[PDB]
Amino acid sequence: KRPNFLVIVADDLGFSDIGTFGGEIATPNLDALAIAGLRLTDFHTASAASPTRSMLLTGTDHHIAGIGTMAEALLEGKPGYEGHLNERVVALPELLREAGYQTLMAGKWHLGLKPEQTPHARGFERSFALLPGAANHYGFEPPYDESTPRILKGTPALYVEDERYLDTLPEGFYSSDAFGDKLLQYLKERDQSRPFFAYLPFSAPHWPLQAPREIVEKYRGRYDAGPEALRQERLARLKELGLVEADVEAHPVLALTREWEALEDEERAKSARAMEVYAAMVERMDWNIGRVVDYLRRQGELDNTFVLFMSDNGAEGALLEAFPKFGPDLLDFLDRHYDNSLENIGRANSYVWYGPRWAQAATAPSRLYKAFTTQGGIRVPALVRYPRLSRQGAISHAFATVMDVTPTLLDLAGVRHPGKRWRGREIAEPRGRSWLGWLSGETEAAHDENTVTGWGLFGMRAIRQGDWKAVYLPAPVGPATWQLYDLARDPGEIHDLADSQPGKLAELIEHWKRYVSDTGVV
């Protein structure tokens, strides 16, 4: 008996959004996986979507795997800054597929748009994928020409099924529902006598925030108290459930938007409606996850499926109107082409994001959010449900990263990572470490006080060894200097220890430099 795998990835979901992670959002199917499984509180991704994906599916750092910076932000020709998963890496599905696994995917790819970079070309026997980093959840497209804001030009509903670039979408297309139908179709059509690797990367709860009315309607008024009232509920509940320490000091909320109590009644009603919509996206995703899990359960296969759920990065605090490289004139265009009046928020012809204060409610007590290298952007909820593993039913604070997944699943599938050559081309070997020892109860963790780990994206840096972490946030968002935090004592990265622990910081700076050098950071 070799296990199946089901790897589920939410897009921009916050740490505490889910019930079992302290949330008020209805997430029954995940909750059952979570409570019975092992919930991780110190599992890390990268600070953004394609870099994290490239890590998930290779076992090594994104600067090596081809996604040194996002394809949207370019460096060109430099090795590892291709904008797609490149040929210096072998992908997890490619390895499993050669060792007998049915490799199935329905979801967001974000690892390349060209025929030779598709899920189909990178190891997926069957795939229904959105290739870009985002799109209108309903397939409603604005006009595409030179004047179209760059962020919208970058996010058409460009879907593929295997080799076929789809020329249209079914009527009633809603992303999370379509990903559910398709993964379910592929499972129903599988060879029932061989195991599967099912990849279910949703695009929910990623902007634009959109969900079926009948689900949003369930959260009517739930968010009228605003994002700071929400953060306080989330923090109380995280403490209550044992996910963060009872005495944790939460990092302060930093936002340049007007605070909730400064907003006029209409502004509040609309931002509350966006968080209602967001909630509805999470529940609806959860509901599609339940369709898949329930089918597997009825087939007598769930207990022999290793189930991993994770978000791909921290909650999305961005103001898309603030980076002019997303424009020109994003708001003016949206004003001319979309209907963001209150009643319409959440339909196909709205386009909203919920902004820095709602995001920060879900990353608390961590500092900031997506696209930053602080714990807010990189510490994400994750759970592992596999009953043959001995650590199950508990909360774990042991360090782990997204790069650990590939070695774990290869391990469990009984497949050796090929080493430094594959198909004759020279390739990278995983920087992650298999969780098998730790999850089978042999060891306390998969990493230790000497484990060194690096991040670097959008000019921001982090370097971590054991539980010490240094951070570099450039201007205008940080001091453009190295700050040092003891994450065991200060998980909010509030208390800069550069002055009191300068030796330790210089050690980390040295490790940072090895990292820059070993991964090809520019």
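The first residue of the shown sequence is 1; numbering continues from there.
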Exercise for review: Can you count, per the entry, how many deposited residues between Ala394 and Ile395 come without coordinates? Answer none, 1 to 3, 4 to 9, or 10 or more.
Suggested key: none
Exercise for review: Pick between 254-262 and 438-446: the one whose mean CA B-factor in the entry is higher.
Suggested key: 438-446
Exercise for review: Would you tell me which stretch averages the higher CA B-factor in the PDB entry, 311-319 or 120-128?
Suggested key: 120-128
Review point. Going by the entry, which of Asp404, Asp177, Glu426, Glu228 has the most elevated CA B factor?
Key: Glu426
Exercise for review: Among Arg421, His137, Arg284, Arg273, single out the one with the highest C-alpha B factor in the record, please.
Suggested key: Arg421
Revision key, fill the gap. Entry-reported C-alpha B-factor of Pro149 relative to its chain, by third, is highest
Exercise for review: Sort the modelled residues of this chain by their C-alpha B factor and say whether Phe202 lands in the lowest, middle or highest third.
Suggested key: lowest
Check your understanding: Which third of the chain does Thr60 land in by C-alpha B-factor: lowest, middle or highest?
Key -> middle
Revision key, fill the gap. The third of the chain into which the C-alpha temperature factor of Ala36 falls is the middle
Exercise for review: Pull the Cα B-factor of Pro387 out of the PDB entry and bin it into the chain's lowest, middle or highest third.
Suggested key: middle
